file upload20.pdb (PDB, C-alpha atoms)
ATOM      1  CA  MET A   1       0.000   0.000   0.000  1.00  0.00           C
ATOM      2  CA  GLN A   2       1.196   3.505  -0.863  1.00  0.00           C
ATOM      3  CA  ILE A   3       0.422   6.642   1.150  1.00  0.00           C
ATOM      4  CA  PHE A   4       1.700  10.223   1.082  1.00  0.00           C
ATOM      5  CA  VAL A   5       3.047  12.570   3.751  1.00  0.00           C
ATOM      6  CA  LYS A   6       3.042  16.339   3.234  1.00  0.00           C
ATOM      7  CA  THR A   7       5.389  18.598   5.201  1.00  0.00           C
ATOM      8  CA  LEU A   8       5.036  22.268   6.134  1.00  0.00           C
ATOM      9  CA  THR A   9       7.781  23.098   3.632  1.00  0.00           C
ATOM     10  CA  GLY A  10       5.647  21.634   0.853  1.00  0.00           C
ATOM     11  CA  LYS A  11       7.642  18.453   0.276  1.00  0.00           C
ATOM     12  CA  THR A  12       5.550  15.368  -0.484  1.00  0.00           C
ATOM     13  CA  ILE A  13       6.875  12.107   0.959  1.00  0.00           C
ATOM     14  CA  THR A  14       6.023   8.757  -0.635  1.00  0.00           C
ATOM     15  CA  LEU A  15       5.889   5.769   1.721  1.00  0.00           C
ATOM     16  CA  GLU A  16       5.297   2.040   1.260  1.00  0.00           C
ATOM     17  CA  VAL A  17       3.129   0.757   4.110  1.00  0.00           C
ATOM     18  CA  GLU A  18       0.651  -1.921   5.165  1.00  0.00           C
ATOM     19  CA  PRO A  19      -2.819  -1.550   6.762  1.00  0.00           C
ATOM     20  CA  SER A  20      -1.576  -3.393   9.862  1.00  0.00           C
ATOM     21  CA  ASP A  21       1.361  -1.018  10.355  1.00  0.00           C
ATOM     22  CA  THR A  22       1.212   1.039  13.546  1.00  0.00           C
ATOM     23  CA  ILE A  23       1.649   4.820  13.601  1.00  0.00           C
ATOM     24  CA  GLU A  24       5.010   4.270  15.293  1.00  0.00           C
ATOM     25  CA  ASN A  25       6.083   2.102  12.353  1.00  0.00           C
ATOM     26  CA  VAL A  26       5.071   4.880   9.960  1.00  0.00           C
ATOM     27  CA  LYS A  27       7.095   7.408  11.958  1.00  0.00           C
ATOM     28  CA  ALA A  28      10.055   5.035  11.711  1.00  0.00           C
ATOM     29  CA  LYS A  29       9.667   4.957   7.926  1.00  0.00           C
ATOM     30  CA  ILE A  30       9.598   8.762   7.865  1.00  0.00           C
ATOM     31  CA  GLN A  31      12.838   8.692   9.858  1.00  0.00           C
ATOM     32  CA  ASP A  32      14.348   6.420   7.206  1.00  0.00           C
ATOM     33  CA  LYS A  33      13.654   8.893   4.396  1.00  0.00           C
ATOM     34  CA  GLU A  34      13.899  12.254   6.167  1.00  0.00           C
ATOM     35  CA  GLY A  35      16.158  11.506   9.130  1.00  0.00           C
ATOM     36  CA  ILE A  36      13.772  13.195  11.551  1.00  0.00           C
ATOM     37  CA  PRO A  37      13.359  11.181  14.793  1.00  0.00           C
ATOM     38  CA  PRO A  38       9.838   9.929  15.717  1.00  0.00           C
ATOM     39  CA  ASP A  39       9.656  12.028  18.898  1.00  0.00           C
ATOM     40  CA  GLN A  40       9.888  15.169  16.757  1.00  0.00           C
ATOM     41  CA  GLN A  41       7.103  13.886  14.497  1.00  0.00           C
ATOM     42  CA  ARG A  42       3.381  14.604  14.720  1.00  0.00           C
ATOM     43  CA  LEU A  43       0.895  13.078  12.280  1.00  0.00           C
ATOM     44  CA  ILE A  44      -2.515  14.502  11.392  1.00  0.00           C
ATOM     45  CA  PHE A  45      -5.326  12.851   9.423  1.00  0.00           C
ATOM     46  CA  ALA A  46      -9.122  13.163   9.196  1.00  0.00           C
ATOM     47  CA  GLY A  47      -8.957  16.046  11.668  1.00  0.00           C
ATOM     48  CA  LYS A  48      -7.285  13.907  14.325  1.00  0.00           C
ATOM     49  CA  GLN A  49      -3.812  13.542  15.819  1.00  0.00           C
ATOM     50  CA  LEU A  50      -2.690   9.994  15.027  1.00  0.00           C
ATOM     51  CA  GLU A  51      -1.719   8.224  18.246  1.00  0.00           C
ATOM     52  CA  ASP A  52       1.194   5.832  18.662  1.00  0.00           C
ATOM     53  CA  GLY A  53      -0.236   2.394  19.389  1.00  0.00           C
ATOM     54  CA  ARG A  54      -2.935   2.255  16.730  1.00  0.00           C
ATOM     55  CA  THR A  55      -2.732   0.964  13.158  1.00  0.00           C
ATOM     56  CA  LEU A  56      -3.518   2.603   9.820  1.00  0.00           C
ATOM     57  CA  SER A  57      -6.607   0.405   9.495  1.00  0.00           C
ATOM     58  CA  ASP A  58      -7.807   1.616  12.899  1.00  0.00           C
ATOM     59  CA  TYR A  59      -8.004   5.125  11.445  1.00  0.00           C
ATOM     60  CA  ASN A  60      -9.183   3.534   8.187  1.00  0.00           C
ATOM     61  CA  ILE A  61      -6.277   5.020   6.232  1.00  0.00           C
ATOM     62  CA  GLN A  62      -6.239   3.534   2.731  1.00  0.00           C
ATOM     63  CA  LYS A  63      -4.205   3.854  -0.473  1.00  0.00           C
ATOM     64  CA  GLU A  64      -3.253   7.257  -1.921  1.00  0.00           C
ATOM     65  CA  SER A  65      -4.074   8.909   1.413  1.00  0.00           C
ATOM     66  CA  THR A  66      -2.174  12.077   2.307  1.00  0.00           C
ATOM     67  CA  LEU A  67      -1.036  12.613   5.896  1.00  0.00           C
ATOM     68  CA  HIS A  68       0.103  15.948   7.313  1.00  0.00           C
ATOM     69  CA  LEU A  69       3.436  16.049   9.136  1.00  0.00           C
ATOM     70  CA  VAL A  70       3.723  18.836  11.701  1.00  0.00           C
ATOM     71  CA  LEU A  71       6.035  19.771  14.573  1.00  0.00           C
ATOM     72  CA  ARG A  72       6.202  18.101  17.980  1.00  0.00           C
ATOM     73  CA  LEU A  73       7.927  20.457  20.417  1.00  0.00           C
ATOM     74  CA  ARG A  74       9.505  19.328  23.690  1.00  0.00           C
ATOM     75  CA  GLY A  75      10.432  22.351  25.793  1.00  0.00           C
ATOM     76  CA  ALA A  76      11.982  25.291  23.953  1.00  0.00           C
TER      77      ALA A  76
ATOM     78  CA  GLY B   1       3.627  49.101  41.884  1.00  0.00           C
ATOM     79  CA  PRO B   2       4.700  45.959  39.974  1.00  0.00           C
ATOM     80  CA  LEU B   3       5.201  48.181  36.930  1.00  0.00           C
ATOM     81  CA  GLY B   4       7.192  50.603  39.077  1.00  0.00           C
ATOM     82  CA  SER B   5       9.493  47.865  40.363  1.00  0.00           C
ATOM     83  CA  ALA B   6      10.344  46.681  36.855  1.00  0.00           C
ATOM     84  CA  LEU B   7      11.035  50.210  35.599  1.00  0.00           C
ATOM     85  CA  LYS B   8      13.943  50.870  37.971  1.00  0.00           C
ATOM     86  CA  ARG B   9      15.420  47.421  37.321  1.00  0.00           C
ATOM     87  CA  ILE B  10      15.371  48.143  33.584  1.00  0.00           C
ATOM     88  CA  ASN B  11      17.085  51.504  34.088  1.00  0.00           C
ATOM     89  CA  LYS B  12      19.758  49.909  36.274  1.00  0.00           C
ATOM     90  CA  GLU B  13      20.612  47.352  33.586  1.00  0.00           C
ATOM     91  CA  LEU B  14      20.636  50.103  30.961  1.00  0.00           C
ATOM     92  CA  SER B  15      23.216  52.081  32.939  1.00  0.00           C
ATOM     93  CA  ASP B  16      25.307  48.950  33.500  1.00  0.00           C
ATOM     94  CA  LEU B  17      25.421  48.385  29.741  1.00  0.00           C
ATOM     95  CA  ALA B  18      26.742  51.929  29.354  1.00  0.00           C
ATOM     96  CA  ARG B  19      29.536  51.526  31.905  1.00  0.00           C
ATOM     97  CA  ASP B  20      30.532  48.062  30.693  1.00  0.00           C
ATOM     98  CA  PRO B  21      29.501  47.693  27.013  1.00  0.00           C
ATOM     99  CA  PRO B  22      29.128  44.143  25.624  1.00  0.00           C
ATOM    100  CA  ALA B  23      31.362  43.096  22.727  1.00  0.00           C
ATOM    101  CA  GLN B  24      29.645  42.847  19.331  1.00  0.00           C
ATOM    102  CA  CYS B  25      26.312  43.571  21.026  1.00  0.00           C
ATOM    103  CA  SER B  26      24.169  46.622  21.727  1.00  0.00           C
ATOM    104  CA  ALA B  27      20.665  47.269  23.049  1.00  0.00           C
ATOM    105  CA  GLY B  28      18.400  50.076  24.219  1.00  0.00           C
ATOM    106  CA  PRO B  29      14.845  51.482  24.246  1.00  0.00           C
ATOM    107  CA  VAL B  30      13.193  51.810  20.832  1.00  0.00           C
ATOM    108  CA  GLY B  31      11.496  55.080  21.728  1.00  0.00           C
ATOM    109  CA  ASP B  32      10.527  56.460  25.126  1.00  0.00           C
ATOM    110  CA  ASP B  33       9.030  53.196  26.385  1.00  0.00           C
ATOM    111  CA  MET B  34      11.606  51.535  28.637  1.00  0.00           C
ATOM    112  CA  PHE B  35       9.793  48.187  28.502  1.00  0.00           C
ATOM    113  CA  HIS B  36      10.387  47.843  24.760  1.00  0.00           C
ATOM    114  CA  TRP B  37      13.986  47.475  23.591  1.00  0.00           C
ATOM    115  CA  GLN B  38      15.733  46.910  20.278  1.00  0.00           C
ATOM    116  CA  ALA B  39      18.998  44.963  20.093  1.00  0.00           C
ATOM    117  CA  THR B  40      21.734  44.119  17.592  1.00  0.00           C
ATOM    118  CA  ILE B  41      24.034  41.105  17.376  1.00  0.00           C
ATOM    119  CA  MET B  42      27.069  40.920  15.102  1.00  0.00           C
ATOM    120  CA  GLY B  43      27.666  37.542  13.475  1.00  0.00           C
ATOM    121  CA  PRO B  44      30.195  35.783  15.747  1.00  0.00           C
ATOM    122  CA  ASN B  45      33.624  35.107  14.224  1.00  0.00           C
ATOM    123  CA  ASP B  46      33.468  31.426  15.154  1.00  0.00           C
ATOM    124  CA  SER B  47      30.216  30.905  13.243  1.00  0.00           C
ATOM    125  CA  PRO B  48      28.862  30.821   9.668  1.00  0.00           C
ATOM    126  CA  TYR B  49      26.914  33.998  10.516  1.00  0.00           C
ATOM    127  CA  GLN B  50      30.107  36.072  10.579  1.00  0.00           C
ATOM    128  CA  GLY B  51      29.781  39.375   8.733  1.00  0.00           C
ATOM    129  CA  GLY B  52      26.048  39.730   9.270  1.00  0.00           C
ATOM    130  CA  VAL B  53      24.076  42.048  11.539  1.00  0.00           C
ATOM    131  CA  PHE B  54      21.032  40.624  13.319  1.00  0.00           C
ATOM    132  CA  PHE B  55      18.325  42.757  14.932  1.00  0.00           C
ATOM    133  CA  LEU B  56      16.251  41.588  17.895  1.00  0.00           C
ATOM    134  CA  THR B  57      13.273  42.869  19.862  1.00  0.00           C
ATOM    135  CA  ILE B  58      13.313  42.802  23.652  1.00  0.00           C
ATOM    136  CA  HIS B  59      10.128  43.282  25.653  1.00  0.00           C
ATOM    137  CA  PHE B  60      10.158  43.466  29.442  1.00  0.00           C
ATOM    138  CA  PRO B  61       7.071  42.104  31.225  1.00  0.00           C
ATOM    139  CA  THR B  62       5.570  44.119  34.092  1.00  0.00           C
ATOM    140  CA  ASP B  63       6.740  41.492  36.585  1.00  0.00           C
ATOM    141  CA  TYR B  64      10.372  41.799  35.471  1.00  0.00           C
ATOM    142  CA  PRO B  65      12.805  40.594  36.701  1.00  0.00           C
ATOM    143  CA  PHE B  66      10.663  37.916  38.376  1.00  0.00           C
ATOM    144  CA  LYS B  67       9.535  36.891  34.899  1.00  0.00           C
ATOM    145  CA  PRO B  68      11.989  36.549  31.987  1.00  0.00           C
ATOM    146  CA  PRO B  69      12.191  39.146  29.195  1.00  0.00           C
ATOM    147  CA  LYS B  70      10.664  38.236  25.835  1.00  0.00           C
ATOM    148  CA  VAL B  71      13.303  38.111  23.101  1.00  0.00           C
ATOM    149  CA  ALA B  72      12.848  37.439  19.380  1.00  0.00           C
ATOM    150  CA  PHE B  73      14.772  37.879  16.129  1.00  0.00           C
ATOM    151  CA  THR B  74      13.466  40.303  13.521  1.00  0.00           C
ATOM    152  CA  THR B  75      16.244  39.455  11.083  1.00  0.00           C
ATOM    153  CA  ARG B  76      15.810  36.081   9.366  1.00  0.00           C
ATOM    154  CA  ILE B  77      18.435  33.487  10.234  1.00  0.00           C
ATOM    155  CA  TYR B  78      19.146  29.842   9.357  1.00  0.00           C
ATOM    156  CA  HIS B  79      19.253  28.099  12.739  1.00  0.00           C
ATOM    157  CA  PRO B  80      17.845  24.891  14.287  1.00  0.00           C
ATOM    158  CA  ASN B  81      16.894  26.684  17.519  1.00  0.00           C
ATOM    159  CA  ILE B  82      15.345  29.722  15.811  1.00  0.00           C
ATOM    160  CA  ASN B  83      12.283  29.500  13.552  1.00  0.00           C
ATOM    161  CA  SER B  84      11.069  31.625  10.629  1.00  0.00           C
ATOM    162  CA  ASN B  85       9.101  33.886  12.978  1.00  0.00           C
ATOM    163  CA  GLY B  86      12.252  34.671  14.945  1.00  0.00           C
ATOM    164  CA  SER B  87      11.153  32.717  18.008  1.00  0.00           C
ATOM    165  CA  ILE B  88      14.057  31.425  20.094  1.00  0.00           C
ATOM    166  CA  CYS B  89      14.398  28.137  21.970  1.00  0.00           C
ATOM    167  CA  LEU B  90      16.721  28.784  24.908  1.00  0.00           C
ATOM    168  CA  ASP B  91      16.565  27.627  28.539  1.00  0.00           C
ATOM    169  CA  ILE B  92      17.642  30.982  29.991  1.00  0.00           C
ATOM    170  CA  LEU B  93      14.507  32.555  28.495  1.00  0.00           C
ATOM    171  CA  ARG B  94      12.201  30.082  30.235  1.00  0.00           C
ATOM    172  CA  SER B  95      12.797  27.225  32.677  1.00  0.00           C
ATOM    173  CA  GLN B  96      16.296  28.372  33.638  1.00  0.00           C
ATOM    174  CA  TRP B  97      15.575  32.078  34.005  1.00  0.00           C
ATOM    175  CA  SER B  98      16.786  33.782  37.175  1.00  0.00           C
ATOM    176  CA  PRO B  99      16.268  37.360  38.455  1.00  0.00           C
ATOM    177  CA  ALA B 100      20.014  37.456  39.147  1.00  0.00           C
ATOM    178  CA  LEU B 101      20.641  37.215  35.399  1.00  0.00           C
ATOM    179  CA  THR B 102      20.820  40.254  33.114  1.00  0.00           C
ATOM    180  CA  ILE B 103      20.034  41.287  29.537  1.00  0.00           C
ATOM    181  CA  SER B 104      23.792  41.302  28.947  1.00  0.00           C
ATOM    182  CA  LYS B 105      23.944  37.648  30.001  1.00  0.00           C
ATOM    183  CA  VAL B 106      20.957  36.850  27.785  1.00  0.00           C
ATOM    184  CA  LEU B 107      22.593  38.426  24.726  1.00  0.00           C
ATOM    185  CA  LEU B 108      25.820  36.549  25.489  1.00  0.00           C
ATOM    186  CA  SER B 109      23.861  33.304  25.785  1.00  0.00           C
ATOM    187  CA  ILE B 110      22.317  33.974  22.370  1.00  0.00           C
ATOM    188  CA  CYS B 111      25.775  34.654  20.930  1.00  0.00           C
ATOM    189  CA  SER B 112      26.908  31.233  22.128  1.00  0.00           C
ATOM    190  CA  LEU B 113      23.763  29.692  20.657  1.00  0.00           C
ATOM    191  CA  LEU B 114      24.839  30.946  17.229  1.00  0.00           C
ATOM    192  CA  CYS B 115      28.260  29.326  17.644  1.00  0.00           C
ATOM    193  CA  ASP B 116      26.936  26.064  19.070  1.00  0.00           C
ATOM    194  CA  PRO B 117      23.265  25.187  18.399  1.00  0.00           C
ATOM    195  CA  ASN B 118      21.282  22.602  20.371  1.00  0.00           C
ATOM    196  CA  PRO B 119      20.039  20.235  17.629  1.00  0.00           C
ATOM    197  CA  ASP B 120      18.660  17.483  19.898  1.00  0.00           C
ATOM    198  CA  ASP B 121      15.854  19.744  21.138  1.00  0.00           C
ATOM    199  CA  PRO B 122      15.290  21.906  18.036  1.00  0.00           C
ATOM    200  CA  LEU B 123      12.719  24.429  16.863  1.00  0.00           C
ATOM    201  CA  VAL B 124      13.321  23.545  13.211  1.00  0.00           C
ATOM    202  CA  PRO B 125      13.814  19.740  12.857  1.00  0.00           C
ATOM    203  CA  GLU B 126      14.967  19.908   9.216  1.00  0.00           C
ATOM    204  CA  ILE B 127      17.751  22.384   9.992  1.00  0.00           C
ATOM    205  CA  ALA B 128      18.798  20.354  13.041  1.00  0.00           C
ATOM    206  CA  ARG B 129      19.019  17.240  10.859  1.00  0.00           C
ATOM    207  CA  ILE B 130      21.362  19.020   8.456  1.00  0.00           C
ATOM    208  CA  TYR B 131      23.456  20.422  11.311  1.00  0.00           C
ATOM    209  CA  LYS B 132      23.940  16.979  12.864  1.00  0.00           C
ATOM    210  CA  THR B 133      24.475  14.868   9.753  1.00  0.00           C
ATOM    211  CA  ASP B 134      25.890  17.258   7.155  1.00  0.00           C
ATOM    212  CA  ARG B 135      27.769  20.087   8.872  1.00  0.00           C
ATOM    213  CA  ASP B 136      29.237  21.303   5.579  1.00  0.00           C
ATOM    214  CA  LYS B 137      25.754  21.783   4.130  1.00  0.00           C
ATOM    215  CA  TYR B 138      24.667  23.548   7.316  1.00  0.00           C
ATOM    216  CA  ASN B 139      27.580  25.988   7.165  1.00  0.00           C
ATOM    217  CA  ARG B 140      27.100  26.497   3.429  1.00  0.00           C
ATOM    218  CA  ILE B 141      23.403  27.380   3.726  1.00  0.00           C
ATOM    219  CA  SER B 142      23.894  29.455   6.891  1.00  0.00           C
ATOM    220  CA  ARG B 143      26.378  31.693   5.059  1.00  0.00           C
ATOM    221  CA  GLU B 144      23.960  32.081   2.146  1.00  0.00           C
ATOM    222  CA  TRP B 145      21.131  33.320   4.368  1.00  0.00           C
ATOM    223  CA  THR B 146      23.585  35.653   6.093  1.00  0.00           C
ATOM    224  CA  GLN B 147      24.481  37.184   2.729  1.00  0.00           C
ATOM    225  CA  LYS B 148      20.843  37.631   1.735  1.00  0.00           C
ATOM    226  CA  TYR B 149      19.222  38.958   4.917  1.00  0.00           C
ATOM    227  CA  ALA B 150      21.917  40.013   7.366  1.00  0.00           C
ATOM    228  CA  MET B 151      23.863  42.286   5.012  1.00  0.00           C
TER     229      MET B 151
END
call {"tool": "encode", "arguments": {"input": "upload20.pdb", "output": "structure tokens"}}
result
Amino acid sequence: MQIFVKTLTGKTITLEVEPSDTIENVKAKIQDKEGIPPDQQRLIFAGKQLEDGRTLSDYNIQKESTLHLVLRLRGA
Amino acid sequence: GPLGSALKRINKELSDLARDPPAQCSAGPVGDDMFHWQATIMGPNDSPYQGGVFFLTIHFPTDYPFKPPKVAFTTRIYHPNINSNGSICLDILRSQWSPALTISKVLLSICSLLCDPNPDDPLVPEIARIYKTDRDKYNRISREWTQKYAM
């Protein structure tokens, strides 16, 4: 399955995933392509902040879906 | 009052900056409002920002010095701890603020931040990534932004 991730800079990321993949797994894949660690990642879809621990099928995320990658700040 | 207490603290620090001027730094009231300052920082020699001049705004809260001053860049800069809006991520401006500290110490702490960023807890993750993994690219791009906006 193929989904997309759009950044604030405008860059569109193309990922190869599975419906059973957790959000944490997806964040790991983003780290593989962008180098940005999962703890600095924040995923948004269908008006909701995707939580670590649930799968793509739990949020019913299917093919050609576009996720929004935003900032996750930890004290600054 | 609380406003009155801050006012004399601000004036004291302003006179201390006159007697003992900081190196490559200057600051003072924009107009006649002592709570609103404007500051300049020269690009440190041991940094890719060398040669550029960076302007900052400094606003003193009414509970100063018991609350930290609010500092932000007006000049655009390529930095992992400073975003496009000029917002700064620095401990001394928040959790590690102390009334014993001064504006002079704050400006010096910012100067060090330009020489040695803190990429692990960044404000701009992409820039931090480049700083950590490709220092040459970081330095190259930092100099470019300095040429375009700090000259």
call {"tool": "interface_residues", "arguments": {"input": "upload20.pdb", "of": "chain B", "to": "chain A", "cutoff": "7 Å", "atoms": "only C-alpha atoms", "output": "PyMOL selection string"}}
result
chain B and resi 89-91+121+125+129
call {"tool": "closest_residue", "arguments": {"input": "upload20.pdb", "among": "B:117, B:86, B:65, B:80", "to": "residue 12 in chain B", "atoms": "all atoms listed in the file"}}
result
B:65
call {"tool": "residues_around", "arguments": {"input": "upload20.pdb", "residues": "residue 68 in chain A", "least_positions_apart": "5", "cutoff": "8 Å", "atoms": "all atoms listed in the file", "output": "PyMOL selection string"}}
result
chain A and resi 5-7+43-45
call {"tool": "axis_aligned_box", "arguments": {"input": "upload20.pdb", "around": "range 93-104 of chain B", "padding_each_side": "5 Å", "output": "AutoDock Vina command-line options"}}
result
--center_x 18.0 --center_y 34.3 --center_z 33.8 --size_x 21.6 --size_y 24.1 --size_z 20.7
call {"tool": "closest_residue", "arguments": {"input": "upload20.pdb", "among": "A:16, A:51, A:64, A:58", "to": "residue 30 in chain A", "atoms": "all atoms listed in the file"}}
result
A:16
call {"tool": "closest_residue", "arguments": {"input": "upload20.pdb", "among": "B:107, B:87, B:145, B:94", "to": "residue 40 in chain B", "atoms": "only C-alpha atoms"}}
result
B:107
call {"tool": "atom_distance", "arguments": {"input": "upload20.pdb", "atom1": "CA of residue 29 in chain B", "atom2": "CA of residue 54 in chain B"}}
result
16.6 Å
call {"tool": "atom_distance", "arguments": {"input": "upload20.pdb", "atom1": "CA of residue 79 in chain B", "atom2": "CA of residue 108 in chain B"}}
result
16.6 Å
call {"tool": "resolve_selection", "arguments": {"input": "upload20.pdb", "expression": "the PyMOL selection byres ((chain B and resi 7) around 12)", "output": "list in words"}}
result
residues 1, 2, 3, 4, 5, 6, 8, 9, 10, 11, 12, 13, 14, 33, 34, 35, 36, 60, 61, 62, 63, 64 and 65 of chain B
call {"tool": "resolve_selection", "arguments": {"input": "upload20.pdb", "expression": "the PyMOL selection byres ((chain B and resi 130) around 12)", "output": "number ranges by chain"}}
result
A: 34-36; B: 78-80, 117, 119-120, 122, 124-129, 131-142
call {"tool": "atom_distance", "arguments": {"input": "upload20.pdb", "atom1": "CA of residue 44 in chain B", "atom2": "CA of residue 103 in chain B"}}
result
18.0 Å
call {"tool": "closest_residue", "arguments": {"input": "upload20.pdb", "among": "A:52, A:12, A:65, A:1", "to": "residue 33 in chain A", "atoms": "only C-alpha atoms"}}
result
A:12
call {"tool": "resolve_selection", "arguments": {"input": "upload20.pdb", "expression": "the PyMOL selection byres ((chain A and resi 17) around 9)", "output": "list in words"}}
result
residues 1, 2, 3, 15, 16, 18, 19, 20, 21, 25, 26, 29 and 56 of chain A
call {"tool": "residues_around", "arguments": {"input": "upload20.pdb", "residues": "residue 24 in chain B", "least_positions_apart": "5", "cutoff": "12 Å", "atoms": "only C-alpha atoms", "output": "list in words"}}
result
residues 39, 40, 41, 42, 43, 44, 45, 50, 51, 52, 53, 54, 104, 107, 108, 110 and 111 of chain B
call {"tool": "residues_around", "arguments": {"input": "upload20.pdb", "residues": "residue 46 in chain A", "least_positions_apart": "2", "cutoff": "10 Å", "atoms": "only C-alpha atoms", "output": "PyMOL selection string"}}
result
chain A and resi 44+48-50+59-61+66-68
